[PDB]
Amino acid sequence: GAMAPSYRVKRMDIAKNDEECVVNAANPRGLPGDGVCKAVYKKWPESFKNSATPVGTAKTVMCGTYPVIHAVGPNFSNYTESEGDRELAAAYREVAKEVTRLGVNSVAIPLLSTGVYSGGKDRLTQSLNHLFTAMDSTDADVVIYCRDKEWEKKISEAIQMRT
């Protein structure tokens, strides 16, 4: 575990993280995809061997000894708000189980379902609150990765608010 488990946010490519493992915002078919998933494919292509997994689940594949946790958030284009919210919560619960099983002291994590799976809606608060619900009981240092300057400020404020 980390000595004083923390949350932090950084505005940079998650493929350049400084943590002991990475969460990929994956598609269910294990395809290279785009956004986070394509950066993750370029950096850790060996981790896409048998990475296909259903919506609401996470599947870990090693790249060398570096764990890539493929977490499949719902595409809100296809899911109802209600079912999508349930599957987004579930994907983060499965990430917490994997992070725990792996025994890592730190994890790099993107906000699931906030990009091309957002169904055109701002889901910063929805996705971050599900991330907190899952990860609060883990003792890994969590480093959240984003690309937008205004998102960085809002994520930082939400972390600081809980103290």
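Numbers follow the displayed sequence, beginning with 1.
When the mean C-alpha temperature factors of 97 to 105 and 27 to 35 are read from the deposited coordinates, 27 to 35 comes out higher. Averaged over their C-alpha atoms, the temperature factors of 74 to 82 and 88 to 96 are higher for 74 to 82.
The PDB entry assigns its highest CA temperature factor, among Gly56, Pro110, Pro67, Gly120, to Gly120.
Per the PDB record, residue ranking by Cα B-factor puts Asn50 in the highest third of the chain. For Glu19, the recorded CA B-factor ranks within the lowest third of the chain. Only modelled residues enter the ranking. Looking at the C-alpha B-factors along this chain, the one for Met135 belongs to the lowest third. Per the PDB record, residue ranking by Cα B-factor puts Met62 in the middle third of the chain. Annotation for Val116: CA B-factor lies in the highest third of the chain's modelled residues.
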